[PDB]
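What follows is a single structure, written as structure tokens, with notes after it.
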Amino acid sequence: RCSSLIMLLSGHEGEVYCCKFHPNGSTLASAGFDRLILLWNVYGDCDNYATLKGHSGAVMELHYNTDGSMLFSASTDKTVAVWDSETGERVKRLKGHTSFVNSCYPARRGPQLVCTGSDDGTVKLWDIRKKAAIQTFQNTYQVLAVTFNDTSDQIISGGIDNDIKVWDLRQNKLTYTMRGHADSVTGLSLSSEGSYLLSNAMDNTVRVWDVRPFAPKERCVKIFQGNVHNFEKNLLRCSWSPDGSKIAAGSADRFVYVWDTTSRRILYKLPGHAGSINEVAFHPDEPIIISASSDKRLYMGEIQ
Amino acid sequence: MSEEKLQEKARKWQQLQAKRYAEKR
């Protein structure tokens, strides 16, 4: 067993584009095509204790700060909503993007900054007390996944420009371009220790880069196969294990993929889903995996 | 990649998300 809780989560009315664990590990957030975030309990009978309405379009990216009280939600319409998790009312809207917002990310260490990316190309940063766009990094093409580093002083935007592009918050320029992908980069996730960063793209390959000031001049250290991207062209997301040992990239062939970081082999190829798997997440404390896919269902499960 | 195969690649994706996440779908 090695946990406290394969039990299924049904109740999503359409696709689930993003699933995230609360960092305390007792509650759960999942959202997608429903314009409707569902808050589950991780243990117990896995009920749906709270619901978040306030998106006029589908929810592209759910995200939790390490505080875990406020939930960040990049939606399809033009907006990124900021919610609270206990009583569940949207404390803020963030309305500066002119197209479909594909991504958001919490700044967890310092001030609460929400770096977002959208289909216009603008990568916009969002302090919640400003109610405005702080800095807009103008990428010429669409960005599908954005994330901070551990320092929250750089933004790491992956998009359809075949390159992962990092922007410095003080230099306000693109510093270097992680080239080596052959299609649109859909999912970026960064470790709890913050040195390494996962990359999913429609070249049906997964990369690990090392976003760190110590530069090895070719940051593509680890290349993973097995993944596939299909005609549906979703935003196939990613996650890291909290011990940093396992990566998980969502795939288009209904199989929950979990690799080993060191071994570079597929540890887990899990069945059960029926559609393209958008986001697959990791529990903070115990080795539990939820997986979100287009089959309107979630699969919790003890990996170890 | 190229430039025209990164502008047509954006045109095919703008005309993908503009209709897939259209507010009538």
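Chain identifiers are assigned as A, B, and so on, following the order in which chains appear in the structure tokens; residues are numbered from 1 within each chain, and ligands are numbered from 1 in order of appearance.
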Closest pair table for chain A residues within 7 Å of chain B, only C-alpha atoms, as CSV:
residue,atom,partner,partner_atom,distance
A:76,CA,B:21,CA,6.8
A:141,CA,B:10,CA,6.4
A:142,CA,B:10,CA,6.9
A:161,CA,B:6,CA,6.5
A:162,CA,B:1,CA,6.6
Skip residue A:199 itself and residues of its chain fewer than 2 positions away, then list as a ChimeraX atom specification all residues within 12 Å of it, counting only C-alpha atoms. /A:144-147,156-159,162-165,178-181,183-191,196-197,201-211,219-225,227,235-240,247-250
Name all residues at most 6 Å from stretch 77-80 of chain A (count only C-alpha atoms; drop same-chain ones fewer than 4 positions away) and give them as a PyMOL selection string. chain A and resi 57+73+94-95+97+99-101
I'd like the neighbourhood of residue A:257 as a PyMOL selection string, where a residue qualifies if any of its atoms comes within 10 Å (using only C-alpha atoms), though same-chain residues fewer than 2 positions away should be ignored. chain A and resi 226-227+238+247-251+253-255+259+266-271+277+280+291
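Excluding residue A:9 and any residue on its chain fewer than 6 positions from it, the residues at most 8 Å away by only C-alpha atoms are residues 46, 297, 298, 299 and 300 of chain A.
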Keeping only C-alpha atoms, write the selected residues to a file as a PDB file, in the first residue's frame.
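Final file, part.pdb:
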ATOM      1  CA  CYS A  46     -12.861  10.964  -2.075  1.00  0.00           C
ATOM      2  CA  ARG A 297     -12.442  11.174 -15.137  1.00  0.00           C
ATOM      3  CA  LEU A 298      -9.461  11.199 -12.788  1.00  0.00           C
ATOM      4  CA  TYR A 299      -7.464   8.194 -11.579  1.00  0.00           C
ATOM      5  CA  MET A 300      -5.918   8.357  -8.145  1.00  0.00           C
TER       6      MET A 300
END
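The environment of stretch 15-26 of chain A within 7 Å, counting only C-alpha atoms and disregarding residues fewer than 6 places along the same chain, consists of residues 32, 33, 34, 41, 42, 43, 59, 60, 61, 62, 63, 64, 66, 68, 278, 279, 280, 281, 282, 283, 284, 285, 292, 293, 294, 295 and 296 of chain A.
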Go ahead and write the residues just picked, N, CA and C atoms, as a PDB file, in the first residue's frame.
ATOM      1  N   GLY A  32     -10.957  21.738 -16.005  1.00  0.00           N
ATOM      2  CA  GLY A  32     -10.829  21.461 -17.419  1.00  0.00           C
ATOM      3  C   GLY A  32     -11.826  22.183 -18.296  1.00  0.00           C
ATOM      4  N   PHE A  33     -12.450  21.444 -19.209  1.00  0.00           N
ATOM      5  CA  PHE A  33     -13.418  21.974 -20.158  1.00  0.00           C
ATOM      6  C   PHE A  33     -14.748  22.360 -19.521  1.00  0.00           C
ATOM      7  N   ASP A  34     -14.944  22.093 -18.235  1.00  0.00           N
ATOM      8  CA  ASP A  34     -16.206  22.365 -17.563  1.00  0.00           C
ATOM      9  C   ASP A  34     -16.403  23.827 -17.202  1.00  0.00           C
ATOM     10  N   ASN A  41     -11.317  15.605  -1.871  1.00  0.00           N
ATOM     11  CA  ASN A  41     -10.505  15.142  -0.758  1.00  0.00           C
ATOM     12  C   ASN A  41      -9.623  14.002  -1.245  1.00  0.00           C
ATOM     13  N   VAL A  42      -8.353  14.016  -0.838  1.00  0.00           N
ATOM     14  CA  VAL A  42      -7.431  12.983  -1.300  1.00  0.00           C
ATOM     15  C   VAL A  42      -7.702  11.661  -0.595  1.00  0.00           C
ATOM     16  N   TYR A  43      -7.901  11.692   0.717  1.00  0.00           N
ATOM     17  CA  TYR A  43      -8.198  10.488   1.470  1.00  0.00           C
ATOM     18  C   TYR A  43      -9.698  10.388   1.726  1.00  0.00           C
ATOM     19  N   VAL A  59     -10.679  25.747 -18.311  1.00  0.00           N
ATOM     20  CA  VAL A  59      -9.568  26.024 -17.409  1.00  0.00           C
ATOM     21  C   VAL A  59      -8.336  25.317 -17.944  1.00  0.00           C
ATOM     22  N   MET A  60      -7.361  26.092 -18.411  1.00  0.00           N
ATOM     23  CA  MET A  60      -6.153  25.507 -18.973  1.00  0.00           C
ATOM     24  C   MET A  60      -5.185  25.035 -17.902  1.00  0.00           C
ATOM     25  N   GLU A  61      -4.895  25.875 -16.915  1.00  0.00           N
ATOM     26  CA  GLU A  61      -3.887  25.485 -15.938  1.00  0.00           C
ATOM     27  C   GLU A  61      -4.334  25.823 -14.527  1.00  0.00           C
ATOM     28  N   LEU A  62      -4.405  24.799 -13.688  1.00  0.00           N
ATOM     29  CA  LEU A  62      -4.522  24.952 -12.250  1.00  0.00           C
ATOM     30  C   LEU A  62      -3.129  24.967 -11.648  1.00  0.00           C
ATOM     31  N   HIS A  63      -2.983  25.713 -10.558  1.00  0.00           N
ATOM     32  CA  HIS A  63      -1.705  25.776  -9.870  1.00  0.00           C
ATOM     33  C   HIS A  63      -1.932  26.151  -8.416  1.00  0.00           C
ATOM     34  N   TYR A  64      -1.068  25.631  -7.556  1.00  0.00           N
ATOM     35  CA  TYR A  64      -1.118  25.894  -6.133  1.00  0.00           C
ATOM     36  C   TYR A  64       0.201  26.510  -5.696  1.00  0.00           C
ATOM     37  N   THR A  66       2.837  27.048  -2.515  1.00  0.00           N
ATOM     38  CA  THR A  66       3.217  26.171  -1.410  1.00  0.00           C
ATOM     39  C   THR A  66       2.482  26.502  -0.116  1.00  0.00           C
ATOM     40  N   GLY A  68      -0.726  27.014  -0.294  1.00  0.00           N
ATOM     41  CA  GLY A  68      -1.854  26.139  -0.545  1.00  0.00           C
ATOM     42  C   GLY A  68      -3.216  26.743  -0.308  1.00  0.00           C
ATOM     43  N   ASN A 278      -4.034  14.856 -20.264  1.00  0.00           N
ATOM     44  CA  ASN A 278      -3.529  16.222 -20.274  1.00  0.00           C
ATOM     45  C   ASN A 278      -2.483  16.446 -19.183  1.00  0.00           C
ATOM     46  N   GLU A 279      -2.869  16.257 -17.924  1.00  0.00           N
ATOM     47  CA  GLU A 279      -1.973  16.506 -16.807  1.00  0.00           C
ATOM     48  C   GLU A 279      -1.983  15.308 -15.873  1.00  0.00           C
ATOM     49  N   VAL A 280      -0.802  14.940 -15.392  1.00  0.00           N
ATOM     50  CA  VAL A 280      -0.615  13.893 -14.397  1.00  0.00           C
ATOM     51  C   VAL A 280       0.216  14.478 -13.258  1.00  0.00           C
ATOM     52  N   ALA A 281      -0.255  14.303 -12.022  1.00  0.00           N
ATOM     53  CA  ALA A 281       0.295  15.010 -10.872  1.00  0.00           C
ATOM     54  C   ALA A 281       0.786  14.039  -9.808  1.00  0.00           C
ATOM     55  N   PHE A 282       1.498  14.581  -8.822  1.00  0.00           N
ATOM     56  CA  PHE A 282       2.116  13.809  -7.753  1.00  0.00           C
ATOM     57  C   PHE A 282       1.698  14.352  -6.393  1.00  0.00           C
ATOM     58  N   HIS A 283       1.367  13.442  -5.483  1.00  0.00           N
ATOM     59  CA  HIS A 283       1.044  13.827  -4.119  1.00  0.00           C
ATOM     60  C   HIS A 283       2.310  14.288  -3.399  1.00  0.00           C
ATOM     61  N   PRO A 284       2.211  15.330  -2.550  1.00  0.00           N
ATOM     62  CA  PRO A 284       3.411  15.861  -1.885  1.00  0.00           C
ATOM     63  C   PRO A 284       4.071  14.914  -0.885  1.00  0.00           C
ATOM     64  N   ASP A 285       3.282  14.264  -0.034  1.00  0.00           N
ATOM     65  CA  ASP A 285       3.826  13.419   1.022  1.00  0.00           C
ATOM     66  C   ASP A 285       3.982  11.960   0.612  1.00  0.00           C
ATOM     67  N   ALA A 292      -5.213  13.325 -15.079  1.00  0.00           N
ATOM     68  CA  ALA A 292      -6.335  14.006 -15.703  1.00  0.00           C
ATOM     69  C   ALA A 292      -6.297  13.765 -17.198  1.00  0.00           C
ATOM     70  N   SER A 293      -7.432  13.386 -17.767  1.00  0.00           N
ATOM     71  CA  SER A 293      -7.488  13.110 -19.192  1.00  0.00           C
ATOM     72  C   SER A 293      -8.812  13.596 -19.755  1.00  0.00           C
ATOM     73  N   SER A 294      -8.956  13.437 -21.066  1.00  0.00           N
ATOM     74  CA  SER A 294     -10.152  13.838 -21.788  1.00  0.00           C
ATOM     75  C   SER A 294     -11.332  12.899 -21.568  1.00  0.00           C
ATOM     76  N   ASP A 295     -11.176  11.850 -20.760  1.00  0.00           N
ATOM     77  CA  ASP A 295     -12.237  10.884 -20.524  1.00  0.00           C
ATOM     78  C   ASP A 295     -13.158  11.287 -19.382  1.00  0.00           C
ATOM     79  N   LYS A 296     -13.119  12.569 -18.990  1.00  0.00           N
ATOM     80  CA  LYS A 296     -13.986  13.186 -17.985  1.00  0.00           C
ATOM     81  C   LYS A 296     -13.818  12.556 -16.606  1.00  0.00           C
TER      82      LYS A 296
END
Using DSSP on the backbone, list every residue of stretch 205-280 of chain A that comes out as strand (DSSP E or B), and give them as a PyMOL selection string. chain A and resi 205-210+222-224+238-240+246-249+256-260+266-270+277-280
Write the residues of the selection above to a file with N, CA, C and O atoms, as a short mmCIF file (atom, residue, chain, number, x, y, z; two decimals), in the first residue's frame.
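The file below, again.cif, is the result:
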data_model
loop_
_atom_site.label_atom_id
_atom_site.label_comp_id
_atom_site.auth_asym_id
_atom_site.auth_seq_id
_atom_site.Cartn_x
_atom_site.Cartn_y
_atom_site.Cartn_z
N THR A 205 8.64 13.62 -27.45
CA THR A 205 9.80 13.43 -26.59
C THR A 205 9.67 14.32 -25.36
O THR A 205 9.03 15.38 -25.42
N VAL A 206 10.25 13.88 -24.25
CA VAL A 206 10.26 14.64 -23.00
C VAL A 206 11.70 15.02 -22.72
O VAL A 206 12.62 14.23 -22.95
N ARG A 207 11.93 16.25 -22.28
CA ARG A 207 13.27 16.69 -21.92
C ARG A 207 13.33 17.07 -20.45
O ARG A 207 12.34 17.47 -19.84
N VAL A 208 14.53 16.93 -19.89
CA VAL A 208 14.87 17.55 -18.61
C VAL A 208 15.96 18.56 -18.89
O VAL A 208 17.00 18.23 -19.48
N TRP A 209 15.72 19.81 -18.50
CA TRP A 209 16.70 20.87 -18.55
C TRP A 209 17.10 21.23 -17.12
O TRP A 209 16.39 20.88 -16.18
N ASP A 210 18.23 21.90 -16.97
CA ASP A 210 18.68 22.36 -15.66
C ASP A 210 18.70 23.88 -15.65
O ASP A 210 19.69 24.49 -16.06
N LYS A 222 18.78 15.19 -20.23
CA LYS A 222 18.09 13.91 -20.30
C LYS A 222 16.94 13.98 -21.29
O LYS A 222 16.11 14.90 -21.24
N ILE A 223 16.90 12.99 -22.18
CA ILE A 223 15.86 12.86 -23.20
C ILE A 223 15.09 11.58 -22.92
O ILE A 223 15.69 10.51 -22.76
N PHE A 224 13.77 11.68 -22.87
CA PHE A 224 12.86 10.59 -22.56
C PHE A 224 11.97 10.33 -23.77
O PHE A 224 11.50 11.25 -24.44
N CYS A 238 2.90 18.28 -17.46
CA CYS A 238 4.03 17.62 -16.82
C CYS A 238 3.97 17.82 -15.32
O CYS A 238 3.25 18.69 -14.83
N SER A 239 4.75 17.01 -14.60
CA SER A 239 4.97 17.19 -13.17
C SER A 239 6.23 16.44 -12.73
O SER A 239 6.68 15.49 -13.39
N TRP A 240 6.76 16.87 -11.59
CA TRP A 240 7.91 16.27 -10.93
C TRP A 240 7.46 15.61 -9.64
O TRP A 240 6.49 16.03 -9.00
N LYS A 246 11.03 10.95 -9.82
CA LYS A 246 10.20 10.53 -10.94
C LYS A 246 9.62 11.74 -11.65
O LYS A 246 9.23 12.73 -11.02
N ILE A 247 9.57 11.65 -12.97
CA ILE A 247 8.88 12.63 -13.79
C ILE A 247 7.62 11.98 -14.33
O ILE A 247 7.53 10.76 -14.47
N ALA A 248 6.63 12.81 -14.64
CA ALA A 248 5.43 12.31 -15.28
C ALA A 248 4.97 13.31 -16.32
O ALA A 248 4.70 14.47 -16.00
N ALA A 249 4.87 12.85 -17.56
CA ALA A 249 4.40 13.67 -18.66
C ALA A 249 3.13 13.06 -19.23
O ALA A 249 3.07 11.85 -19.50
N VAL A 256 -0.91 6.68 -18.51
CA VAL A 256 -0.24 7.50 -17.51
C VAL A 256 1.24 7.13 -17.49
O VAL A 256 1.60 6.03 -17.09
N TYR A 257 2.08 8.05 -17.95
CA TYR A 257 3.52 7.83 -18.05
C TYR A 257 4.24 8.38 -16.83
O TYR A 257 4.03 9.53 -16.46
N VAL A 258 5.09 7.55 -16.24
CA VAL A 258 5.97 7.95 -15.15
C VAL A 258 7.33 7.35 -15.43
O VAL A 258 7.46 6.12 -15.50
N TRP A 259 8.34 8.19 -15.60
CA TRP A 259 9.70 7.72 -15.79
C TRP A 259 10.48 7.80 -14.48
O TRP A 259 10.03 8.38 -13.49
N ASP A 260 11.66 7.20 -14.50
CA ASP A 260 12.67 7.45 -13.48
C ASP A 260 13.61 8.51 -14.01
O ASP A 260 13.97 8.48 -15.19
N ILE A 266 10.83 4.13 -18.50
CA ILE A 266 9.44 4.23 -18.08
C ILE A 266 9.24 3.31 -16.88
O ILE A 266 9.33 2.09 -17.01
N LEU A 267 9.01 3.90 -15.71
CA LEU A 267 8.67 3.08 -14.56
C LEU A 267 7.23 2.61 -14.63
O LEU A 267 6.95 1.42 -14.43
N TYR A 268 6.32 3.52 -14.90
CA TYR A 268 4.89 3.24 -14.87
C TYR A 268 4.25 3.65 -16.19
O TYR A 268 4.44 4.77 -16.67
N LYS A 269 3.49 2.73 -16.76
CA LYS A 269 2.69 2.98 -17.96
C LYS A 269 1.29 2.47 -17.61
O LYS A 269 0.99 1.29 -17.77
N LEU A 270 0.46 3.37 -17.11
CA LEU A 270 -0.75 2.90 -16.46
C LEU A 270 -1.96 3.04 -17.38
O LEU A 270 -2.16 4.10 -17.99
N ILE A 277 -4.26 12.17 -22.22
CA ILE A 277 -4.02 12.50 -20.82
C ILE A 277 -3.32 13.85 -20.76
O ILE A 277 -2.15 13.97 -21.13
N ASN A 278 -4.03 14.86 -20.26
CA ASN A 278 -3.53 16.22 -20.27
C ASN A 278 -2.48 16.45 -19.18
O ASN A 278 -1.33 16.78 -19.48
N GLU A 279 -2.87 16.26 -17.92
CA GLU A 279 -1.97 16.51 -16.81
C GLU A 279 -1.98 15.31 -15.87
O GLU A 279 -3.04 14.72 -15.62
N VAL A 280 -0.80 14.94 -15.39
CA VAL A 280 -0.61 13.89 -14.40
C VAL A 280 0.22 14.48 -13.26
O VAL A 280 1.24 15.12 -13.50
#
